[PDB]
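>>> how would this look folded up:
(one chain, ligands or ions: 3)
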Amino acid sequence: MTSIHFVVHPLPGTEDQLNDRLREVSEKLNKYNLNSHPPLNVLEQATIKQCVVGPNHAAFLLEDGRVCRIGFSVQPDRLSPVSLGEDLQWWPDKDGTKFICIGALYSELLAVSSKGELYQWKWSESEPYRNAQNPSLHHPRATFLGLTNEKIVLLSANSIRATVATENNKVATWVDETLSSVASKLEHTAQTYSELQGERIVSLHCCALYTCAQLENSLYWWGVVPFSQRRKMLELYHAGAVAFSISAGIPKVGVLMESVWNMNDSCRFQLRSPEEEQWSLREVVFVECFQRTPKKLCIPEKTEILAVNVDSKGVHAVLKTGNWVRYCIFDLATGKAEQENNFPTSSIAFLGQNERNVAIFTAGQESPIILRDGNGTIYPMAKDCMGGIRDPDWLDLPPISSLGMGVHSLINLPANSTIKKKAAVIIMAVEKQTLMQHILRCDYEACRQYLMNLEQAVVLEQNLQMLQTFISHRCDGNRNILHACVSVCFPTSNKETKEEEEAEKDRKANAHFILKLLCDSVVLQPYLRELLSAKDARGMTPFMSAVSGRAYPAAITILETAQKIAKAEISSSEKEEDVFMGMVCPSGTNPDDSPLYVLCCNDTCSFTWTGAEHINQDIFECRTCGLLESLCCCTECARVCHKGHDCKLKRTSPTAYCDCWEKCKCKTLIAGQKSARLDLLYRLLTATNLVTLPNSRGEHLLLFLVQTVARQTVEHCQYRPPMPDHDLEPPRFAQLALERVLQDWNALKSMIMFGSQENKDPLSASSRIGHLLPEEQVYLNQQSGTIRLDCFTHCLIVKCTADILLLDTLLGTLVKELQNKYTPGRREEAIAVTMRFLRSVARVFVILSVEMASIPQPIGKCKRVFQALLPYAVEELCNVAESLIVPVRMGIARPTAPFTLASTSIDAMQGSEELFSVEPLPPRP
Ligand SMILES: [Zn+2]
Ligand SMILES: [Zn+2]
Ligand SMILES: [Zn+2]
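Numbers count the residues shown, from 1 in each chain. Ligands and ions are numbered 1, 2, ... in the order given. Sure, the structure comes next:
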């Protein structure tokens, strides 16, 4: 059962207004109850195969061959939105013949039946045309087209022209009866093109001027030569020509009497009766330079083709190469790929369950493009400041069984109004998924009654076909019921976070109760593993979506549910850790999409604690979003925002105040619950192994946290206490995160033993050495890396001169693991970790002491570290001095220039910053 909806989109418009109309339909489905029409209720209980839109009428083709039509009127436009006709009447079918295809022209409605008969119905006439002389003949031009001796299959209809095709590779075309005067030389009857032989034509799509035929592995076009190729023809039109235009929703034929020299202007055409207007030459095609032969489009070899639709801009195609999907726009001037675009989401989620649901919908020249993916949902397309596809914002819509749109022209416009003349009318037959809509409407009672009814039905009749059909239910962006519940559970306001800072509807609660009800459901137990281990269009599980969307109690509930389910299904291989990591953070995942890393880098945006001020920050630039000249963004914007974009850091940074909300939707303006965030960090530290995996910049979590702390200490001291809200405190989470992570013998071990043999850094040249000579592999495997460890030690000691607690935390963890005579192998492991850390501390201390003249705070911190670990620091300092004194005694010292010492401490820090804050050599691409 499906429901019918009407969308009015005035022309000319952008994709943003169309997306706003689709969104308005989406919340009218979601939060505005339900509404329909009396005469369309009979259409709701059947599978509508095809919907077409005429000038003032709409036609529906069903599965059983019944065709119905209705009238409508659209008043408002732009500087229910439609009025429907009172009664619906059907096609007279006393002969009992079912119908296969329908199509809409301006003056007639076309039908193709199973017996190969073409039927024509006038819009003005209330009864379909039947010839009295020939009872077996029904189309008035069937004799002229010569289709009476061949069974007919494929139809394509548009505003003025129609193109039709048999089984015998015979294609014909004609124009509407309102242009019968110029219909002597623009058309052709059924030929047999030898160039199209070899493969059956699988689809035909007609534009307003030309038409296209898609075969099994080729594309051909024929018809009117486009306006871009008229430059070479005039590389200048004499008077006396006869032309036609389709402007303002009406087709008209005129005659020229001026001489034309420049073709970029507008010309005045004398009107011709069907038995004197100023028209632009871009919408005028001279008839009395026509591509009467099919021309092959250039496509790459071994590429499957999915959906073809044509318009004035060219040929729009979806191409599949291997396991990848491109979107292509072909220009008819050269026949090559004019525009090539890659989808910003995953291709696997775009392919969906079935590849036959991918389609492209358009209505004419200026009409927009609606793309339908493999799941039957709408993929919203928009253009960024560059020439790519913007990141899509999901509409939360059910899949569409049938979609059809057309161009309508408004009637009797006043002369003193700026209302646009033309619009597009879109008709949707959206499916209903009742528990999906119950989840999206935030109602606990309907979900509870549905689960109780399903449990009673399984207990009584033992039927699970409806349940296994409901498991495969999807929303937009490849989202299941759990994904929809998580997306509903996102925080919206900052009221609780605003009120907790002092002296220091019911949608959310119903959503949480719904999540608990589906988590503790008895009947949903054998499918919750497949529900939780599913990836959406961004490649995230519901736990990853709850972490990234700042829904922390939802992530806590999902984590307990995964821990409960995973312990009862070990049995065979693919064991407990494999099931748990499949549910939490699966393999083949980007390192910047880890739940621990994302949980660490979700901080409050800097406009929330700085208004229109001009404090000193770090300034990032996006090429994609348009933050180019004076528009800027804070560092948390570069972390959470702009993750797949072309975002860079500018060295010449003046003062700015995060102009990120002006150009895009900043995802960091709202802070979630702090206690649930710390509890999630506590649970993720002691249950997974996500802390030993670096991010896409090759940084450990400890290095990222200490760099965030060292940046925020400098940035947050210029906060003055009293369009988005700017009355919140600066974020304090990274200090507590460092204090918790440093109390762990996995993170400290992986940080200190970084760059060793059993630790791979993706941005190091020594990581990928398997294709080299064996001697070079020996020379590269002799050494070990200590760049990032030295950077971490320098950032902990020199750049963190506002706290001491992290150093005592690290020293306490080291001493506690050194005094552990309980588990085997712990003591020597802690000894080696202590040796590596003391080597790094000794190197930093030596550099700082050489740079200073004849105590500073970092030297005091190094002395405290040496005093807390005396019997090993003495030996490592002996080794450091021995290494320093070797080249003097052997007389092989490298000559250097003299330098002056440092009287103050800021210049020594400036000189040691350039020595330790470096990067290893990247591998060869
Ligand atoms: Zn951006
Ligand atoms: Zn920001
Ligand atoms: Zn931002």
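>>> Helix, strand or coil: sort out the residue of the stretch 451-600 of the chain found nearest ligand 1 for me.
Residue nearest to ligand 1 within the stretch 451-600 of the chain (Cβ to the ion): residue 592, separated by 14.9 Å. The way it works is simple: take the backbone N, C-alpha and C, and place the C-beta from them, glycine included. Here residue 592 is recorded as helix under DSSP: H, G, I helix; E, B strand; the rest coil.
>>> can you tell me the residue of the stretch 101-250 of the chain closest to ligand 2?
Closest contact between the stretch 101-250 of the chain and ligand 2, by Cβ to the ion, is at residue 228 (43.2 Å).
>>> about what we covered before: isn't the residue of the stretch 451-600 of the chain closest to ligand 1 up against residue 694?
No - the pair residue 592 / residue 694 is not scored as a contact, 10.2 Å apart, by Cβ atoms under 8 Å.
>>> Could you check which of these two has the larger neighbour count?
Higher neighbour count among residue 592 and residue 694: residue 694, with 23 against 14, using other Cβ atoms under 10 Å.
>>> which residues touch the residue nearest to that one when sequence neighbours are not counted?
Nearest residue to residue 694 in three dimensions, chain neighbours excluded: residue 700, at 5.5 Å (Cβ to Cβ, 6 or more residues apart in numbering). Listed by Cβ atoms under 8 Å, 6 or more residues apart in numbering, the contact partners of residue 700 are 694, 747, 750-751, 754, 788, 792.
>>> give the contact list for the residue of the stretch 451-600 of the chain closest to ligand 1.
By Cβ under 8 Å, 6+ apart, the neighbours of residue 592 are 598, 643, 695-696.
>>> Using TSV, please lay out these together with neighbour count.
Below are those laid out as TSV (neighbours: other Cβ atoms under 10 Å):
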residue	neighbour count
598	18
643	15
695	19
696	13
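>>> Pick the one among those closest to ligand 3.
For the contacts of residue 592, the closest approach to ligand 3 (Cβ to the ion) belongs to residue 643, at 10.9 Å.
>>> Helix, strand, or coil at the closest one?
Assignment for residue 643 (three-state DSSP): coil.
>>> Over to the one 5 residues further on?
Reduced to three states with three-state DSSP, the structure at residue 648 is strand.
>>> Which residue ranges of the stretch 601-750 of the chain form strands?
Ranges of strands within the stretch 601-750 of the chain are 620-622, 647-649, based on DSSP state E, counting those that start in this stretch.
>>> List phi and psi for the nearest residue to residue 676 once chain neighbours are set aside.
Leaving aside its chain neighbours, residue 676 sits nearest to residue 552 (3.7 Å; criterion: Cβ to Cβ, 6+ apart). Per-residue torsions, residue 552: phi -80, psi -40 (degrees, to the nearest 10).
>>> sorry, back to before: tell me the spacing between the residue nearest to residue 694 and ligand 3.
For residue 700, the distance to ligand 3 (Cβ to the ion, to the nearest Å) stands at 25 Å.
>>> Check which residues of stretch 36-55 are buried.
37, 40, 43, 48-55 (16 or more other Cβ atoms under 10 Å).
>>> Look at residue 849 and say how many residues are nearby.
Neighbourhood size, residue 849 [other Cβ under 10 Å]: 13.
>>> doesn't it fall inside a helix?
Yes - under three-state DSSP, residue 849 sits within a helix.
>>> Wait, residue 371 touches residue 379, no?
Yes - in this structure, residue 371 is within contact of residue 379 by Cβ under 8 Å, at 4.6 Å.
>>> quick one: the helices in the stretch 751-900 of the chain?
Here the stretch 751-900 of the chain has its helices, by DSSP state H, counting those that start in this stretch, at 774-782, 787-797, 805-818, 826-851, 857-868, 870-889.
>>> Among these, which comes closest to residue 635?
helix 787-797 (15.5 Å; Cβ to Cβ).
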